[PDB]
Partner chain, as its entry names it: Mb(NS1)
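The chain that follows stands alone, in the form deposited without the partner chain, written as structure tokens.
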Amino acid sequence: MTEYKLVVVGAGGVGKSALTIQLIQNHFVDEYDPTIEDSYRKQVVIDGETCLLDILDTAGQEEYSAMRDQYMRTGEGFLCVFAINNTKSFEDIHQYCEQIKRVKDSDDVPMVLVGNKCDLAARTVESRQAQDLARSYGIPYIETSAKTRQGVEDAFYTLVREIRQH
């Protein structure tokens, strides 16, 4: 099988852990316990091939920001997550991606922009604004909701497809 070193980044509280745990265990985490570093290995079948996803759940707190430079050179693909009900998280993910391309020293890094918490009706970030940012980086954009599991597999599978070619 093929291994993929996925990394889930984003500001605090956007739903990174809830998205990852939903993918591997189909539970929905409604508690918010902050993450410092969480490693998950789950075997997956994407497009007929057996994939072992080594997903790295990172810390969104600004205290562990020095770890960004570390895992943004190890990971092969990055799931850059924000909360559609949080405009501050949408511009926070703007510099997450810019930081990725700089420490990867590349203009072609596998990334997937992900707007989370789409089950909520109090949206403040339009998809037009998100696809604007995604098209400017040449990366896909996928709206997800860790609660209803909408588009959860789509977002993780799309990043694997981006790494598979590259």
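Positions refer to the first chain, counted from 1.
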TODO: Determine, for stretches 45 to 53 and 102 to 110, which one has the higher mean CA B-factor as deposited.
DONE: 102 to 110
Task: 58 to 66 or 137 to 145, whichever carries the higher mean Cα B-factor - done: 58 to 66
- [ ] Quick one: which of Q129, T35, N116, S39 shows the highest Cα temperature factor in the PDB entry?
- [x] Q129
Open item on the list: Considering every modelled residue of the chain and its Cα B-factor in the PDB entry, is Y71 in the lowest, middle or highest third?
Closed with: highest
TODO: Would you mind ranking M1 by its C-alpha B-factor against the rest of the chain and naming the third, lowest, middle or highest?
DONE: highest
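Just so you know, the form solved in complex with the partner chain exists too; it's not on screen, but the next bit is about it.
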- [ ] Determine whether any heavy atom of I139 comes within 4.5 Å of a heavy atom of the partner chain in the entry with it bound, and answer yes or no.
- [x] yes
Open item on the list: Please determine whether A134 contacts the partner chain in the entry with it bound, using a 4.5 Å cut-off between heavy atoms.
Closed with: yes
Task: in the entry with it bound: members of 13 to 30 within 4.5 Å of the partner chain, any heavy atom - done: none
